[PDB]
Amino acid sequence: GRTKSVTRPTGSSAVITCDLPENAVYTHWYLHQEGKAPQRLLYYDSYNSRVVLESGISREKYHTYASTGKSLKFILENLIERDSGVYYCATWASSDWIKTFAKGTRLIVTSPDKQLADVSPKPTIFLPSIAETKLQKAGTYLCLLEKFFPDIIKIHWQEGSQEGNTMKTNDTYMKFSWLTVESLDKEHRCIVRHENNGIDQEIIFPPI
């Protein structure tokens, strides 16, 4: 349910780990960029330690090699913006003719001009409206988060919830999440996991 991601500046290098365990011979690496078709970048022959690239690809950009056990590793050099995407490893199954994919890894490269500064959650909590509380014996408190980077974010809530889609406030993002709660005297916590926090945020809610 959680997204694996790696964020690197352009010009830098990035290492992604194939989380896929028959110690099979051939493993294929795919790029999936938004609105495009997943495409194979190369594959690795683990018996001969050979990297085979698709046509049109620099011999100096990608590489892949084995590591501890069933973890294979993929490396990109001289990062540019174009390299952002979801990277998959996959291997044809022995049991049944299926190509198995491991959970992909999202690579965000950061543009040169990026002011890499406070890109943590920027909270703003909203208290129920009068009509709600008076008219149906329930209350909605809405935790709003803005000015955070990158879109990867998770929000929970405790003493089931829905949320919006993160959207692009200039070059940072926002996402809100609301609830309706007997538990109107109590108070609730909005629990936000974000990489640039490095611990989870716990946001307090008033009583209504």
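Residue positions are given as counts along the sequence shown, with the first one as 1.
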| property | result |
| --- | --- |
| Size class of the missing deposited segment between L116 and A117 | 1 to 3 |
| Where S13 meets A14 in the shown sequence, the number of deposited residues left unmodelled | none |
| 50-58 or 140-148, whichever carries the higher mean Cα B-factor | 140-148 |
| Mean C-alpha B-factor comparison - 67-75 and 82-90, higher one | 67-75 |
| Deposited CA B-factor, highest of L135, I98, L107, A102 | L135 |
| Out of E163, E159, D45, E34, residue topping the C-alpha B-factor column of the entry | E159 |
| Chain third (lowest, middle, highest) by recorded CA B-factor, residue given as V192 | highest |
| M174 - Cα temperature factor, lowest/middle/highest third of chain | middle |
| Assigned third (lowest, middle, highest) for the C-alpha B factor of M167 | middle |
| Chain third (lowest, middle, highest) by recorded CA B-factor, residue given as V25 | lowest |
